[PDB]
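Heads up: the structure comes next, in structure tokens.
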Amino acid sequence: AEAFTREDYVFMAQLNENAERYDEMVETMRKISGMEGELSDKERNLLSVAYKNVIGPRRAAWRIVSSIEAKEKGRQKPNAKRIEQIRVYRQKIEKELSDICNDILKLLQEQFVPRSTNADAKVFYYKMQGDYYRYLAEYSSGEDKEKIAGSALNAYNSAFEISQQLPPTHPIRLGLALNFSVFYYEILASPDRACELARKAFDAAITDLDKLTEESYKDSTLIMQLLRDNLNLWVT
Amino acid sequence: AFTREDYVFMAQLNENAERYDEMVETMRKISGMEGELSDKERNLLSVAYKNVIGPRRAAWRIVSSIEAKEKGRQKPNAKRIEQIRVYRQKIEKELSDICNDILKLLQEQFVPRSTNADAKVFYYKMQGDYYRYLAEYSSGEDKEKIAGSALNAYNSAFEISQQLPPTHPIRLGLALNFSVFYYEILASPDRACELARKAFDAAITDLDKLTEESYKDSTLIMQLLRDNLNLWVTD
């Protein structure tokens, strides 16, 4: 008489987040990913939270493991067996880090992006596409790094073009503005474009800071705007 | 060829990387090696299993809090409770398997090979602790049978623990876990208060050993404050 609905699968993803069991959350979200239709603002947030809390603990672990490997290589008399012990272990994490990104980017290219119709939904998928391509480039080297980052820039530029339609004070637009600026500085080795894009987004946010703030504090908003207007007048 | 030193650093590296599922697998390999586990090795065995059972225990009490809220709502959703029940049993399946791994190894490998009096208390404490986690969700006569093995393991630990000094971390660590076992599992508060106070009063008596020479004057006041509170509580 009664079968399981979409709201039940959304609730299970919320229960996974409450229990902090994110491995099961990926499995639950994949069931909703297999279902046809466009995800809600709540559902896309749940997809972002689920995958970030799996790659997060493993990215944090990688920065510890690689520093121990850098410690043993920098030693006066290095043990090659202990170096190999860390090196195989690091590559096992690198195998897992690639697997999570391999899971999401396959789903993004085949399911989410071709089905998307909304303007702000398009930006959210292309930002997420750019983010998980960026994580792959964090440990990749040589020709592999350039090939991965090449498809990463294409995803970020596609995200930036649509986000121009969005208001300057939107969390997705600002979230993209942070992640694009990090991508130039940390991966692409371009500090000039990193400082340019982050400033232009920050200047747009101060201009529409009046929309963020209540009408009680709009006078303090205008002084903050005028203080920023002085700093733009200076250093010509 | 891989030796014990190689696997110890691997078990240390698993702790450094915070990957504890791999830590259990490496500690089982050292358990397969010749001889009894050393003090540094036993300490790693305790850290490895606690950080696997911990996230499962923490998730359990939050889910139970959600389940209690869902059952006592004005508009209860029975389909949601069924979704929670299957999910709770899946955690309970996992909670069983972690405890089934350690207690089978303790009964067959760790305890029978134990020669040290120092090591003996540590294994029986671990025997008592992981039987206690099983009784935390077990119901009816099934709870009675598991707690029966838990009481035998804790009492076996207490006898050998009396040989140890009162300020020992293993003796104090047992005394904390035995007192929790009375209050939370056995529902005996008056015996929980008895054993915890006995360990605390003995620790303050030997508190001069723990504290530095620079702060021995503070220790004597802490002893005198404890001596005053023990006499003022009566009448």
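Protein sequence lines correspond, in order, to chains A and B. The number in the entry's author numbering is simply the position in the first sequence, starting from 1, with 1 added. The number in the entry's author numbering is simply the position in the second sequence, starting from 1, with 3 added. Backbone N, C-alpha and C fix where the C-beta goes; we use that ideal spot for every residue, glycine too.
Check	Outcome
Extent of the continuous alpha helix (DSSP H) run through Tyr10/B	7-19
Cβ-based contacts, 8 Å cut-off: residues of the region 66-93 of chain A near chain B	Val66, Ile69, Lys82, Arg83, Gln86, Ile87, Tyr90
Given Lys93/A as reference, the closest of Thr6/B, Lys72/B, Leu154/B, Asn17/B once Cα atoms are compared	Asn17/B
Close beta carbons around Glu70/B, own chain, < 6 Å, minus the five adjacent residues each side	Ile87
Chain-ordered residues of the region 45-65 of chain A with a beta carbon less than 9 Å from chain B	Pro58, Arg59, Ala61, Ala62, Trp63, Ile65
The alpha helix (DSSP H) enclosing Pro58/B, as first and last residue numbers	42-74
Proximal residues to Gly143/B (C-beta, below 7 Å), its chain only, five neighbours per side dropped	none
Status (buried if at least 16 other CB within 10 Å, exposed otherwise) for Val66/A	buried
Local conformation of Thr118/A per DSSP, three classes	coil
Chain-order list of residues whose beta-carbon lies under 6 Å from that of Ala153/A (same chain, five-residue window excluded)	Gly131, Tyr134, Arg135
Proximity winner among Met129/B, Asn80/B, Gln110/B, relative to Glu3/A (alpha-carbon distances)	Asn80/B
Check whether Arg45/B and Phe161/B have beta carbons under 7 Å apart	no
Under 7 Å between C-beta atoms of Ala195/A and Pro169/A	no
Reduced DSSP secondary structure (H/G/I, E/B, other) of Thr222/B	helix
Residue of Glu215/A, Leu98/A, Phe181/A, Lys128/A minimising C-alpha distance to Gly57/A	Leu98/A
Residue-chain proximity (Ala20/A, chain B), Cβ-Cβ < 7 Å	yes
Cα-Cα separation, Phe113/B to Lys82/B	45 Å
Separation of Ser221/A from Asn155/A, as counted between CA atoms	40 Å
Under 9 Å from the C-beta of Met13/A: neighbouring residues of chain B	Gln86, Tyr90
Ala199/B in three-state terms, based on DSSP	helix
Cβ-heavy atom distance, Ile56/B to the ligand SAH, below 6 Å	Looking at this structure, you won't find the ligand SAH or any other ligand, since it has none at all.
Residues near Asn231/A in its chain [Cβ-Cβ closer than 8 Å; skip 5 each side]	none
DSSP-derived helix/strand/coil call for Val236/B	coil
Alpha-carbon to alpha-carbon, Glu197/A and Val236/A	14 Å
Outcome for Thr29/A when other beta-carbon atoms lying within 10 angstroms are tallied against a minimum of 16	buried
Span separating the alpha-carbon of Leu177/B from that of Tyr90/B	33 Å
Through-space distance from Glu21/A to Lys53/A, alpha-carbon basis	12 Å
Complete runs of the alpha helix (DSSP H) confined to the region 145-191 of chain B [at least 4 residues]	172-183
Per-residue DSSP class, three states only, for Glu139/B	coil
Distance CB(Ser217/B)-CB(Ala199/B) smaller than 7 Å	no
Cα-Cα separation, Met36/B to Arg59/B	29 Å
Where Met36/B sits in the DSSP three-state scheme	coil
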